[PDB]
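Methodologically, a virtual Cβ is constructed for each residue, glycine included, from the backbone with ideal geometry; neighbour enumeration extends over all protein chains shown. Throughout, read-outs are computed from the coordinates displayed, never taken from laboratory work.
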Protein chains: 2
Amino acid sequence: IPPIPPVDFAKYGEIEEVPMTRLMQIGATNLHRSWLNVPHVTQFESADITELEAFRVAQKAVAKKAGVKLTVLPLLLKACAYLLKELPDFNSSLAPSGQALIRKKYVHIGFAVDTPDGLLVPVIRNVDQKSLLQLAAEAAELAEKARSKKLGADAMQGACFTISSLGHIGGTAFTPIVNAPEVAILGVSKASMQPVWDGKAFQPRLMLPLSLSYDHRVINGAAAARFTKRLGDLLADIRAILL
Amino acid sequence: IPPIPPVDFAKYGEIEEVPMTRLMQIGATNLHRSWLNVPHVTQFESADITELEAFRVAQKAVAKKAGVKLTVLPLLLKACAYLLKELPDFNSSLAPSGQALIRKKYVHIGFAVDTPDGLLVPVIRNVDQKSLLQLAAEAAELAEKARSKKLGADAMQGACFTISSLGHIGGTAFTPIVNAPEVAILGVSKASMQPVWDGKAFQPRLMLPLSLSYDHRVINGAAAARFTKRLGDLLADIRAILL
């Protein structure tokens, strides 16, 4: 792969060399290994979370009595675990012989935490088996452990899918990079009030933007549009997870 | 216990003797044994199921694709299993030494089916672990088995709590009898549109009437009002079961 010509950057003005933490360099290498290895496609969709938000906000009492803050993330984690069980090609990996996929029978999901030294993706194990407030607490713990360099590498391992949420900073949608050997990563952005046709007039609904990137070798376009559609359906009525 | 004086009933008109099935006589004896043994109290409450009904009705597609009809019963079964876990004195029994309660760590719930030969109460085991459509199917199976005399006695055993639903025939509330050695039975009646104060005006909400009878020896009045209140809360937003 042809390298970039070196440029003498100080010919154009003052420069200064800051160095990279080992975590950024590790990060850097893994992403470039994902990028050259995975033919990426991104599927955009946005979900109606007007009702999910109201749920979230009404349960602020309960959540505080349990010491967890309830955010959208445990609600995202729960719906994607249901779905990763319904559509198992998403919960799997290409075997190194290129000719089989390892379907994992377990659901562990990581999520991106951006710390000072770099990106960490702590994994929550068997997300399918935990409740909203369990997930809430654990997510929170692992994030502080991650910020405070106290996350032992055991916890960065063997995830089946990654969620990257930037809803807290902003943006309309992005195209995340798959953490190979996983096969898909959900990027989530800022929710906004949007007019939505109700058959007669435009209603304001709160809409969460979602960006699913996938490994096109394993997941085709119709499988991915069916996954973000189902996910949009589950987030608009989380009670469907009950049945 | 003093017996009833025999009356010669044919002195007043024509009589006719029809006999009792063994099932009615069994039924009869068990209820009288419950009645003389359990000091009963009934707690009335009614729950707002306007949203639960809409859920139920929107998922008619899914339910039919799975072959189960979704009724209010699997939704009742699920909420009472959550609750029987939260308030364990309800899921327990008085030890025969009268001085201890056996807390059961399992949740199996029966429900009354009134057949031609008598009342049968098939039990669904580990209701806490089944989903709405699993529960839907099983309930349905056991009921037909019950009508068709094909329910083997194994299935009438070791329930922790009974639901008796008469919502399908009518009535405003009733006072069911506890199936000793269980300690509580939920009776459910016909839902009706009722005006409910919203702080400013009366809104029509669909209200399900509930009648919890309990064994006052084991459950006190405040524990039972807290159980139907929590149950009313869970049926008004079944998503609380998720957290």
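Values for this structure:
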read-out: Label zone at residue A:203, where the point sits 7 Å out along the Cα-to-Cβ direction: segment A:213-237 residues whose backbone N lies under 17 Å; value: A:232-237
read-out: Local electrostatic count at residue A:21 - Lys and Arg +1, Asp and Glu -1, tallied over other residues with Cβ under 12 Å; value: +1
read-out: Kirkwood Rh, angstrom, chain A [1 / mean 1/r, Cα pairs]; value: 19.5 Å
read-out: Helix axis angle, B:22-37 relative to chain B longest principal axis, alpha carbon, degrees; value: 80 degrees
read-out: Across A:78/A:104; B:64/B:130; B:78/B:190; A:130/B:78; B:64/B:105; A:64/A:130, pairs whose alpha-carbon gap is larger than 22 Å; value: B:64/B:105
read-out: Efficiency of FRET from Cβ geometry, residue B:101 and residue A:114, R₀ 41 Å, rounded to 0.05; value: 0.20
read-out: Within a Gaussian network of chain A (alpha carbon springs, distance under 10 Å), most fluctuating of A:21, A:162, A:115; value: A:21
read-out: Order of B:190, A:65 under a 10 Å beta carbon neighbour criterion, fewest first; value: A:65, B:190
read-out: Qualifying chymotrypsin sites (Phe, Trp or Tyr not before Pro) in segment A:136-243, DSSP loop, other Cβ atoms within 10 Å at most 16; value: A:174
read-out: Net lengthening on full extension, residue B:145/residue B:1 (0.36 nm per residue, minus Cα-Cα); value: 48.1 nm
read-out: Using a 7 Å Cα-to-Cβ projection, residue A:97 label spacings across copies, nm, ascending; value: 6.3
read-out: Axis-nearest residue in chain B [Cβ, rotation onto A], distance in whole Å; value: B:239, 3
read-out: Mean projected area in nm² (Cα convex hull; one quarter of hull surface) for segment A:1-116; value: 13.7 nm²
read-out: Chain B: most fluctuating residue of B:118, B:13, B:158 per GNM, C-alpha cutoff 10 Å; value: B:13
read-out: Fewest-first sequence of B:108, B:168, B:216 by Cβ atoms within 10 Å of each Cβ; value: B:168, B:216, B:108
read-out: Taking all pairs of distinct alpha-carbon atoms in the protein assembly as shown, Kirkwood radius in angstrom; value: 26.6 Å
read-out: Tilt relative to chain B, helix B:132-147 - C-alpha long axis, 0 to 90 degrees, to 10; value: 20 degrees
read-out: Nm distances between copies for residue A:169, ranked from closest, using label points 7 Å along Cα→Cβ; value: 6.5
read-out: GNM top mover of B:215, B:198, B:114 - chain B, alpha-carbon springs below 10 Å; value: B:198
read-out: Equivalent-ellipsoid semi-axes of segment B:149-195, from the Cα gyration tensor, Å, largest first; value: 26, 14, 8
read-out: Sorted by Cβ density within 10 Å, fewest first, the residues A:71, B:172; value: B:172, A:71
read-out: Cα-based helix-to-principal-axis angle, A:221-236 vs chain A, degrees rounded to 10; value: 50 degrees
read-out: Alpha-carbon centroids, segment B:32-57 and segment B:124-168: separation in whole Å; value: 17 Å
read-out: Per-copy distances of the residue B:154 label point, shortest first, in nm (7 angstrom along Cα→Cβ); value: 4.1
read-out: Model label zone, residue B:26; criterion: amide N under 17 Å from point 7 Å along Cα-to-beta-carbon; scope segment B:103-136; value: B:110-124
